[PDB]
Amino acid sequence: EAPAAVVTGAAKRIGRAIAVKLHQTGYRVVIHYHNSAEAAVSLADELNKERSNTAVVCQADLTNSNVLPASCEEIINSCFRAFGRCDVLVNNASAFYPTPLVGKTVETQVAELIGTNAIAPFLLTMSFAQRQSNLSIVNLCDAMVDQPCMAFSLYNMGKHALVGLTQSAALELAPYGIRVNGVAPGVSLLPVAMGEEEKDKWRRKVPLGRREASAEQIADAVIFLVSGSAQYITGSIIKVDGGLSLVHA
Amino acid sequence: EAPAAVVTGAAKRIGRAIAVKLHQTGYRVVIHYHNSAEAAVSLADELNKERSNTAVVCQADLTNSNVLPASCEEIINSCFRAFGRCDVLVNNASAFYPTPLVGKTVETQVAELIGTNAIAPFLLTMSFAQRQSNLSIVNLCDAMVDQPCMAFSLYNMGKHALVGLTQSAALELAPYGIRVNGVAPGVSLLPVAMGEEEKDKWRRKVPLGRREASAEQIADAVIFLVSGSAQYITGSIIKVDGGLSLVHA
Amino acid sequence: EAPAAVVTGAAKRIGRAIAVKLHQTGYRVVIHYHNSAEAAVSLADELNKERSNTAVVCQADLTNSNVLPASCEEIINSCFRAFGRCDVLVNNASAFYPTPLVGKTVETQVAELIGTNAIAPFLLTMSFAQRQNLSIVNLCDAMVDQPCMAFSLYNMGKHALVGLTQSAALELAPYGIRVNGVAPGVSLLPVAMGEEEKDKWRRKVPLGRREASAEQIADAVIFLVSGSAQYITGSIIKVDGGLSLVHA
Amino acid sequence: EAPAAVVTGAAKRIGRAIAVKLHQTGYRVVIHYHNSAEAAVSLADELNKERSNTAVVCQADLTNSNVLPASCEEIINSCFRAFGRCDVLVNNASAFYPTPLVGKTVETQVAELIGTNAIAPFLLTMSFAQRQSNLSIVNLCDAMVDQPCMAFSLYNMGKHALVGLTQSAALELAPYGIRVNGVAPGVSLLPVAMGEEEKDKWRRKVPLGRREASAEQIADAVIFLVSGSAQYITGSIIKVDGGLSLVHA
Ligand SMILES: NC(=O)c1ccc[n+]([C@@H]2O[C@H](COP(=O)([O-])OP(=O)(O)OC[C@H]3O[C@@H](n4cnc5c(N)ncnc54)[C@H](OP(=O)(O)O)[C@@H]3O)[C@@H](O)[C@H]2O)c1
Ligand SMILES: NC(=O)c1ccc[n+]([C@@H]2O[C@H](COP(=O)([O-])OP(=O)(O)OC[C@H]3O[C@@H](n4cnc5c(N)ncnc54)[C@H](OP(=O)(O)O)[C@@H]3O)[C@@H](O)[C@H]2O)c1
Ligand SMILES: NC(=O)c1ccc[n+]([C@@H]2O[C@H](COP(=O)([O-])OP(=O)(O)OC[C@H]3O[C@@H](n4cnc5c(N)ncnc54)[C@H](OP(=O)(O)O)[C@@H]3O)[C@@H](O)[C@H]2O)c1
Ligand SMILES: NC(=O)c1ccc[n+]([C@@H]2O[C@H](COP(=O)([O-])OP(=O)(O)OC[C@H]3O[C@@H](n4cnc5c(N)ncnc54)[C@H](OP(=O)(O)O)[C@@H]3O)[C@@H](O)[C@H]2O)c1
Ligand SMILES: Nc1nc2[nH]cnc2c(=S)[nH]1
Ligand SMILES: Nc1nc2[nH]cnc2c(=S)[nH]1
Ligand SMILES: Nc1nc2[nH]cnc2c(=S)[nH]1
Ligand SMILES: Nc1nc2[nH]cnc2c(=S)[nH]1
């Protein structure tokens, strides 16, 4: 029997690259998505034509609410229903937009930015562990958490909380043989709404090649951490940033 | 006129010591409380005996909810109402209890531990900044954030988010002349519920005198950070832990 | 042709496992040693039996001195003479013993602990870069911010090594040279240590209540030098079973 | 009886401001210097004019060598000889210049940069402890230690080692009642050699005021750490950087 993975926000960009690479390594995959239904089903279709019955999709909003615990439970339940086991969880889904200290209500901004980036990872980790060999969780963090973008306080709060979860969950789930680690991109795939001039500005900041990480490069680090080559690694966060975090103002 | 400070959770323990020390330094103070009305008024009475009309109380639940933004705005407004200005915000209020990965609903535990420790500070910070000299904010963090207590994941996530708020707000509010810093206790006043045996276990681990920090030692670092002696300091977190965070397992 | 790696302190324990795994991946290797000549040679012979003319040894003291820069240049040069290239440097060699604040002279303790852990790595890095998937991997310590009592000079050396990893990552990135670290917590315990003392350390590790094998540390080194790590520089990977997360 | 302090590299700039402020607070001071003999003697004279017999000078090269331990022992001995006690050590002296990886020999550069910034502090700390109230040591570190200047590898190594010393010594000397802490400037007094246009380049990076720290602002943080307001603080490093270390590339 092949092992099974849940990947959150897996329809496009980095989450798709992680899902694809896990599938190429021999995992069966749950492609979680929120709004990108067409891209999700398209991806599932490509993977299933490579190996029959190895990919399913699963829709869920990961905004904080009183029903979020049930949604996260159902995500993990979908992996067990499709494949009979759940070996790996990748917490990739993330809301990302500014929240100036000095449109959506603030309560909605808190719910989305802290829900997607921190509370849903926590609830999915709870559900994953309570349902349970090489078991692991990988959280997508941010290499620039201590050198944050101006006006992104709530996003930064969420990613710092995710670092805390990674460490707290590593410590508490170690007795159960569940490893918990992080992968911290610097600049990888730039925002679609970003103009080429702004993208180039960011690219020229990166010491190693003056270019962003490919989605495959991020996925490589995730694959290492779930592999038997990382069997003693837990509570670690691997920066995949081309040196960006090392560059002063 | 005298500057004014808001201290959250100021009725007892560390928040009380901070309020008293700010008052002794010449601040007028807003003593915020949730459940400890008797104790908040007792402190206010003691401070007003020393200087008439220099201490007022303010009630608010700081749990995350649809009304938390309004409650945070009214805490800040109460300082302006009473004293005509607000120079210092101290984010001290904090829920603290375990939340095992493997009684209150989990959605309530999220609301209290992430609301009090992180979301309320963010909303109080926004309100403080919007309503604006030596302006500063001090957040009460935790020196043991990277070596967390077993089964305290939501608490640890909240304190990590508070570190992120401290840094993000320091950056964004620097152009307004508002400094943002933290004080990180290790073991100070032990939980009232804790047994005397476990209390002594924790005391014995501390390199500097095998004892906990008094509330007044924590308050001393807060006084420094809001003073004219700290006018170039922002985004910094001062550990006050007697070396505890340096001690290996 | 095949790439080439220099591994310092490679005769035994962790450095030996790193050299073996690099060789198994297809690297030719320079096995550096200080005092362990018989172990270094027996490793070289074992590897050459697998593939002819793929392993050589190189003796050098890495203690700080006036001759240290020349010694470090000769180690790098030995890789070029043997194999015509040098793609990977692993800074593994390390002196480790207490230096309380309150029969070696203190100047000798300084020379050995700061030399091996920090100054030699810097000099080897300089020589490596000046001679040019190129990368350097430094062996750090996961417990650098929760140090053993009375190991001030050792801890200083290891912190300096973190600094070198970051500074060199930044400076050599334009030449395509990546610089990273692997940080063990408790791996192979000292040879003389009694099992009852070994057990006090093993019991502290959340993931399996055991120390890392040398092979597990080598696994992280192999990842960092591979094509799967080609955007990774200035990063330090903890391989510690969660030990650094455990409070007093 | 007045306590006594040793300040290394105290003839000029930040070390001088530290010596003056300690003196103003009531300390007798040893003014260590290397080349700046006229400035050291000028400072001792000003301080002695204010309170007789409260300042002496001590010349010493702090480059690494087989005689450095003797030199460090002598600096501490000079304090006991003049004042009969030594309560405070401030490790401020520092070489600072680039050492690119790709007319001083590299041997000399290692000696100077690692000697002054790290080995001399270690040996001074040893002598101080062995010759032994509010005893404490303050190391001058660097807020940019993780975002270093290009081509400053040896300097950066020295400062990283000083962080390690601060933490190791705090742990080991706690049982003797000796506290060990750090103060980490960002941009303070800029290099004398640096041109006006570069200086302006750095000033414009600082979020809080777009200016460098005064020497007196750095000294204020040292004063706090040696005071009775910091009796439970050990192994802590206070950044005094106006937010500089928070700014991304
Ligand atoms: N891209 C970078 O340069 C970079 C840099 C640093 C860190 N990271 C981290 O790496 C990860 C992947 O980055 P990325 O750029 O690929 O991410 P992204 O495109 O910005 O977002 C990934 C997915 O998150 C899902 N999502 C957003 N809001 C949601 C909600 N309320 N409920 C459920 N799902 C929601 C979306 O799914 P749908 O499309 O189906 O709606 C989206 O496709 C993230 O965790 C990110 O923070 C990325
Ligand atoms: N004590 C330590 O050893 C230690 C260690 C590390 C960090 N810290 C940090 O230092 C700060 C003070 O510590 P402490 O021990 O004095 O705190 P505490 O006694 O645990 O809590 C202080 C106050 O927080 C308020 N609070 C709790 N839940 C609230 C809610 N839902 N809404 C509004 N207010 C609420 C309470 O006010 P009412 O009583 O009025 O209800 C309480 O008295 C905290 O931020 C803590 O995390 C303390
Ligand atoms: N073992 C652990 O639990 C652990 C934990 C944290 C970090 N680390 C790090 O991981 C690396 C490997 O650890 P390890 O336990 O395998 O190391 P080790 O056995 O203590 O030493 C490795 C080798 O260092 C060489 N060495 C010592 N002094 C030298 C000198 N003056 N000049 C040149 N070489 C010298 C020795 O070579 P010869 O035998 O040829 O004399 C020795 O075999 C080290 O960097 C260490 O600090 C290990
Ligand atoms: N200035 C900044 O923006 C900044 C930023 C970050 C950190 N810092 C740190 O804060 C501290 C003070 O900074 P600063 O700019 O005032 O320092 P500095 O002027 O560059 O150096 C201070 C003194 O160090 C002494 N020194 C240099 N080489 C020596 C040697 N071989 N032996 C003995 N003493 C030697 C010199 O004494 P003599 O003149 O008597 O020869 C010099 O006056 C330093 O540790 C520095 O690294 C400063
Ligand atoms: N979710 C998300 N997070 C980020 N952090 C830095 N860039 C991003 C993008 S484009 N998306
Ligand atoms: N609010 C709060 N936070 C803490 N962190 C460590 N101990 C505590 C206590 S007793 N209260
Ligand atoms: N060289 C060396 N370094 C270490 N760090 C922790 N343990 C060790 C050992 S046994 N050797
Ligand atoms: N010693 C010394 N150290 C520094 N770090 C940043 N600037 C300096 C200067 S000007 N001198």
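Right above here is the structure, for reference.
Asks: I tried to follow the overall build of chain C on my own but got confused; where do I start?
Replies: For chain C, the count of helices and strands is seven helices and seven strands. Written out in order from the N terminus, the α and β elements of chain C read β-α-β-α-β-α-β-α-β-α-β-α-α-β. Since a compact globule built from 248 residues should have a radius of gyration of about 18 Å, the 17 Å found for chain C is in line with a globular shape. When its C-alpha atoms are laid out on the principal axes, chain C stretches across 50 × 40 × 40 Å. Expressed as a percentage of the 248 residues in chain C, the buried residues total 65%. Approximately 8700 Å² of chain C is accessible, and the part contributed by carbon and sulfur atoms is 49%. Treating the 21 positive side-chain charges of chain C as one cloud and the 22 negative ones as another, the clouds have centres 4 Å apart.

Asks: What should I look at first to understand the interface of chain B and chain C in this one?
Replies: Where the parts come together, the accessible area they lose is often given as the size of the interface. Each partner contributes residues to the interface: chain B has 12 residues there, and chain C has 12 residues. Carbon and sulfur atoms make up 62% of the area that chain B and chain C hide from each other, which totals about 1100 Å². Considering only the surface of chain B that becomes buried against chain C, B:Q147, B:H248 and B:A249 emerge as the three largest contributors, covering 56% of it. Where chain B touches chain C, the interface holds zero salt bridges. Along the contact surface separating chain B from chain C lie three residue pairs in polar contact. Considered class by class, the residues forming the side of chain B that touches chain C number seven nonpolar, three polar and two charged.

Asks: Explanation requested: the interface of chain D and chain C in the structure shown.
Replies: Opposite the 41 residues of chain D that make contact, chain C presents 40 residues. Together, D:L101, D:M157 and D:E172 form the three largest contributors to the area buried by chain D at its contact with chain C, with a combined 22%. At the boundary of chain D with chain C, the tally comes to zero salt bridges. Between the two partners, chain D and chain C, sit seven residue pairs in polar contact. Secondary structure elements with two or more residues in the side of chain D that touches chain C: α4 (106–131) and α5 (153–173) of chain D. Sorting elements by how many residues they give to the side of chain D that touches chain C places α5(D) first, with 15 residues.

Here is what the cut-offs are and how they apply
- Residues numbered from 1 in each chain as written, not as in the entry; some residues may be left out.
- Chains lettered and ligands numbered in written order.
- Heavy atoms only, no water.
- Helix = DSSP H or I, 4+ residues; strand = E, 2+ residues; numbered from the N terminus.
- Rg over C-alpha atoms; globule rule 2.2 N^0.38 Å.
- Buried < 20%, exposed > 50% of the residue type's maximum accessible area, 1.4 Å probe, protein only.
- Areas by Shrake-Rupley, 256 points an atom, 1.4 Å probe, with all protein chains shown as cover.
- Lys, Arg positive; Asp, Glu negative; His and termini not counted.
- Charge placed at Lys NZ, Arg CZ, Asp CG, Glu CD.
- Contact = heavy atoms within 4.5 Å.
- Buried area = accessible area lost by both parts, 1.4 Å probe.
- Salt bridge = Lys/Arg side-chain N within 4 Å of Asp/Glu carboxyl O.
- Polar contact = N/O pair within 3.5 Å; in protein donor to acceptor, adjacent residues only side chain to side chain.
- Nonpolar A, V, L, I, M, F, W, Y, C, P; charged D, E, K, R; others polar.

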